[PDB]
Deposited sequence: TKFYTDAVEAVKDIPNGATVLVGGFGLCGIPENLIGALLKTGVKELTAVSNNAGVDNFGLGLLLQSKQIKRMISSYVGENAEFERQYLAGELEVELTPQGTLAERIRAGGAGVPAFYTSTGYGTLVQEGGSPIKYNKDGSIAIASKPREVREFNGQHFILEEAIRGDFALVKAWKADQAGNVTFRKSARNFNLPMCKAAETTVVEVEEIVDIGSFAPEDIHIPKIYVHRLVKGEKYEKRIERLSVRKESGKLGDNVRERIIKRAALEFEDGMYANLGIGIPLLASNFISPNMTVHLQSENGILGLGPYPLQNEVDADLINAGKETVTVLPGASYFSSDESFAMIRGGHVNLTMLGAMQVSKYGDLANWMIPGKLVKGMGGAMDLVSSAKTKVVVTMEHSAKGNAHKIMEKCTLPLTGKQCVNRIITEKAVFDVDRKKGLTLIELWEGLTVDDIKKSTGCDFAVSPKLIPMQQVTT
């Protein structure tokens, strides 16, 4: 590991057109000094592999503002207007990649795996191809489909970069590195997938400061190391400590000892109604197990945010891990319940909830496992529940239950919808008229429940 005192010297040889991996989730764990150095060198036509686009004037945004990026390989690109502008204008190329797929492709890129199969994106424009990468001048190409154990998977190829720009917490004098809280995300796997990895840290410590069992990134993967000069500790979303109907029914999906992942909005609100006698472990795809409530203004930590990029806290016994690890945890079905909002759901369980053009985030990986119960919360109606979806799919035959303010439906990939709960006041015919496809009625149809909390 070579130590540098100046950031620019550390990245001065990145070439025009190079593929650069840039760590960070939102504004959490971004290599702000190395990004600042790239502004100075002026290197351009970069293919930036980065989970998000930062914001308008920070993180990758600064580099979009300077016209230094030709293409981005990202999973979520919202909250960046200049980004959206260049993209919808044919000025910038963008490969929207499922978040889990992105993380796994990077890990494969450093693990000697040229390609692997994943369920994520099967049945959507990721597999099918055809999304614009550039204005159309370039479209995404399809992904091969192959079946295993009676299920469809698509082939994804490893992503390797010429350089990796990584933000980390500490480095000992030998080049060993660790990451703080949720600032880890993509920084860790990105560290092993480029020919030259450049790491910027907040502090350099003595060799011996780390228990050897606890080194997040061993020195072997750290080629260049610099102590970042300035850390703005920017926080994107400061969050300090009919719809109610959906929320109160979604609250009953929780079961003691359950591992759940809650999407932004109604599902996360639901968690506020969890009985304190019930223990629910909330997973955050950016790498956290054990989300707690929003912080008191003074507990606010820029290294701890949820997937919605909001400042949060964690409960006792929580853990942090990398983005590849997080989606291995999700893809592998270890999370018991995935609950999220949705635009349309199909009679057999297709979900449409990421495009009408910010990207799918981790949505496609969250509904990719059959071992994980997927529950959708959404306002009932224009029909949002039909025969076939009309909006781009997030997954196929992947939703198990729908909760609207009118009804609760269990979803089955073959037999369709079954109404199991009905709101007091409505009759089966009201639901019929408000739904765009037939459905069975449970012989045990009850009034829609509401949590008592």
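Comparing the deposited sequence with the modelled residues, the stretches lacking C-alpha coordinates are 136 to 140, 247 to 255, 371 to 374, 400 to 403.
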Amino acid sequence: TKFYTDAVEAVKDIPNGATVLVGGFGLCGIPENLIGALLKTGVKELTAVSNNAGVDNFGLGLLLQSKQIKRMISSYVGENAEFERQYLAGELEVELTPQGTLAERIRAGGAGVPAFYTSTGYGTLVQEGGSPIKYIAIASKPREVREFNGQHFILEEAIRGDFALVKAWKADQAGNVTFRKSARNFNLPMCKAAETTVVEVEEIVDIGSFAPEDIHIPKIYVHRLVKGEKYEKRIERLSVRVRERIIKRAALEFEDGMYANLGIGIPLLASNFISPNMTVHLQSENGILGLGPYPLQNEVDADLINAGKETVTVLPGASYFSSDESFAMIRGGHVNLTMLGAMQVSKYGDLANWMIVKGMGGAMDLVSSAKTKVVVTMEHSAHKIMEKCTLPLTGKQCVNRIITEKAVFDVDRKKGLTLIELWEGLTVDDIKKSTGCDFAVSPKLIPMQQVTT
From here on, numbers count along this sequence of modelled residues.
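Each form is matched to the other, and the largest set of C-alpha atoms that superpose within 1.5 Å is called the rigid core.
Root-mean-square C-alpha deviation from the shown form, taken over all structures in 6 other deposited structures of this protein superposed by the rigid core, is larger for 127 to 135 than for the alternative among 127 to 135 and 202 to 210.
The stretch that moves more in 6 other deposited structures of this protein, judged by CA deviation after a rigid core superposition and choosing between 303 to 311 and 82 to 90, is 82 to 90. In the other compared entries of this protein that model both flanking residues, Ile356 lacks coordinates in at least a third of them. In this entry, 418 to 426 has the higher mean Cα B-factor, the comparison being between 418 to 426 and 66 to 74. In this entry, 392 to 400 has the higher mean Cα B-factor, the comparison being between 392 to 400 and 56 to 64. Ranking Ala328, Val376, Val126, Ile136 by the C-alpha B-factor listed in the PDB entry places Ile136 at the top.
Taking the PDB entry at face value, the top CA B factor among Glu104, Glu299, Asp365, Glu144 belongs to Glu299.
In the deposited entry, the Cα temperature factor of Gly150 sits in the top third of values across the chain's modelled residues. Among the modelled residues of its chain, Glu156 has a C-alpha B-factor that falls in the lowest third according to the deposited record. Annotation for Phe163: CA B-factor lies in the lowest third of the chain's modelled residues. In the deposited entry, the Cα temperature factor of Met278 places it in the highest third of its chain's modelled residues. Sort the modelled residues of the chain by CA B factor and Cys437 lands in the highest third.
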